[PDB]
Amino acid sequence: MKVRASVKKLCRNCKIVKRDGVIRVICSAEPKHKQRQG
Amino acid sequence: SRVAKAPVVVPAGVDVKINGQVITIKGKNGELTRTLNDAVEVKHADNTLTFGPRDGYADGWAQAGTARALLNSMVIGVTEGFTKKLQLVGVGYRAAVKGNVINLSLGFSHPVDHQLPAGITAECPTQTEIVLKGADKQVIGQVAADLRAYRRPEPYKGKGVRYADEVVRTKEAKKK
Amino acid sequence: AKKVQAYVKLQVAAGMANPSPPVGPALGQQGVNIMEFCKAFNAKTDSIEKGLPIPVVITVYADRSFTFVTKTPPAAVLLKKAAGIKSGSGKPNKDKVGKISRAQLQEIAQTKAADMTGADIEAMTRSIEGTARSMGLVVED
Amino acid sequence: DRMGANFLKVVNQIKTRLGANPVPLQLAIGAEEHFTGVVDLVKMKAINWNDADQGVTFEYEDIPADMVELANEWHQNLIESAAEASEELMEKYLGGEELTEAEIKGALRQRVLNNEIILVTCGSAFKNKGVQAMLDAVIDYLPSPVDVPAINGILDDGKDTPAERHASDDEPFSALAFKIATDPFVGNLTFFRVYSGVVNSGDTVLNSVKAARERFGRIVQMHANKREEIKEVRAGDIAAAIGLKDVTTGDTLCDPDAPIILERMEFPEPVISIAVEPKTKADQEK
RNA sequence: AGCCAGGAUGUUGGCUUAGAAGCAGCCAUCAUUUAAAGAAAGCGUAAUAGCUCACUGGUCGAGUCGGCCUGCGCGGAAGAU
């Protein structure tokens, strides 16, 4: 999970759910599109 | 809501034991009980079960919205069951069932034979296909996902242990 | 006719026996002997002077079967068969070269009227005027 | 002796990819780790191997009880393989004359001169399991230089008359030149094989395809590595036709006034081209 | 929002045609049928076969959706007996 202050909804099918409070964004086929902070 | 427009119809062959918050479902081949939270108002009204969110816990529409989906699965799981098949794609990798134990030909210097708990009648038609049978929807995944986590799908060959319906995304080397 | 299994209309000039690589996949969909589609159409291909893309459609069936529908060549390539060059659309509304009147357009529409139930005479007339303006062609009668 | 090593899969994979007709003979006993027996099906005997020794036992026993039916359904396909090899075994597959170990190979050996079936054998080289088994088929399923069509020298340019010469010692001498290695002792060396005839030591062996004269020096045999001087080369040995002045790929090694070959087929093309450069300017001289 | 569900089909959409064949990119950017379809969004990809968006055409049978303004909240937030 890459970390950066900006979670920008980047991939076309990008889920966003708030697990534990810190946002981590869920793609389907792209592992590269998953950030976690912010 | 959609969940409030979703009542569940218990059929004949599965008995409920409504001691208020604690419901123990006497079914076909097991006992699928869940001790829910106090954000629910349960009533097996006539035959079709009706539920309700308790006051104070107005977020119990969520907490019983779990429950409406829950008990529907329980009355159909204790009778019919889940076929949870896994596909072993590994070079020299086999699967064979004995009693309640599964072998794991997993490319190690030592064998891994793990015993599997109750609510499991496992089978193996061949070395690469493995049945799992169960009554709870949780236990039919939890014992399945532990095997898959021992050898995850490798996205350079397609190697690994993977589900029947799961479709991996294998890549290409592209350098050497 | 059929449904979500397969329906693509792709065939180009039938002087070439071997399936051209991009056409290949529309024959590479439901398991054909590619010699069969070469031997089906050549009994009627000897009634033409080759050079224009003639279209066929593919449509499939359960076991190993298939079927196909023969029509006439479309008027879009018939616009640029008479005009000499096969590709004229470089600038649509800035080129004024080349005239054919409506009388040529209806006699290449009777061969559509004797073949197909859509692509009717009077409705296609503005689109056979519409494929003229995109190519940069003029029309007068 | 490996995982995923199914014997019956691979021989029945040839009929799908290679498209050939293999009928295997020596089958498998053991679950690849406790593997002890190789199932020869003609004599219907399993062979014991070494506990872990580099080569003690050869103990033949019967078919074990754990494979009493797979030996049944596979032996009946072995004895099929002579009724459709020769036409004469067709009427005793069905009539029921006994298909012995010795009778069936007399048809199948003639099925190696046309090569429609190949003979397969499972076992281990490194675990010493099968190597002592694999030798007896070579004298009975691989052809001899006197059982084959021998040296066939055609002519030169006059007429196409292919002439089967004799495989014995009663012919003009004949050999071929291949695997022509080098050495810092004598220079050029060969790994040549003589098909028939006997040569003495010291001869005016020519190379009759390229019109050159050579003389036959001190011939040396090997254990693939060690110099052993072979003086008298008999018909069928493989040695080093030493001291050839010029020699090409596959020309004759033959006395004059004799039959003559002129044959070079499938000259290859080395494709990848890299340019070597010297280190010092004294190096490019060498 | 999901299961059935056609992805109605003129066309090869040029150019330059080697494939730039709706899926590389610049100019057009009409539509034969319009109760469902654009000379077009990605993946499959040299091109396409596979899978969709397009209208949800038929079922559920009620609410639902994208942004503007504020009350507060979370992440951002790592230091040295």
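Here, residue 1 is simply the first one shown, and the rest follow in order.
From the backbone N, Cα and C atoms, a Cβ is placed for every residue, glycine too.
Sequence-distant neighbours of C:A1 (N,N,N-trimethylalanine) (same chain, 6+ residues apart, CB-CB distance under 8 A): C:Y7, C:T59. Sequence annotations record features per position, and here Swiss-Prot assigns N,N,N-trimethylalanine to C:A1.
The annotation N6,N6,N6-trimethyllysine is assigned in Swiss-Prot to C:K3 (among others) on the grounds of experimental evidence. For C:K3 (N6,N6,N6-trimethyllysine), the number of other Cβ atoms no farther than 10 Å from its own Cβ, over all displayed protein chains, is 7.
Listed in sequence order, the same-chain residues six or more apart from C:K39 (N6,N6,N6-trimethyllysine) with CB atoms under 8 A from its CB number zero; the list is none. Annotation source Swiss-Prot lists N6,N6,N6-trimethyllysine at C:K39 (among others).
As annotated by Swiss-Prot, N6-succinyllysine applies to C:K71 (among others), with the evidence given as experimental evidence. Counting only same-chain residues at least 6 apart in sequence, those with a Cβ under 8 Å from the Cβ of C:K71 (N6-succinyllysine) are C:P55, C:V56, C:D115, C:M116. In the three-state DSSP assignment, the secondary structure recorded for C:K71 (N6-succinyllysine) is coil.
Other C-beta atoms found within 10 angstroms of the C-beta of C:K80 (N6-succinyllysine) number 18, with every protein chain shown included. According to Swiss-Prot, the feature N6-succinyllysine maps to C:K80 (among others), an assignment based on experimental evidence.
Taken residue by residue with DSSP, C:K80 (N6-succinyllysine) is part of a helix. Distance between Cα atoms for C:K3 (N6,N6,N6-trimethyllysine) and C:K80 (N6-succinyllysine): 34 Å, as a whole number.
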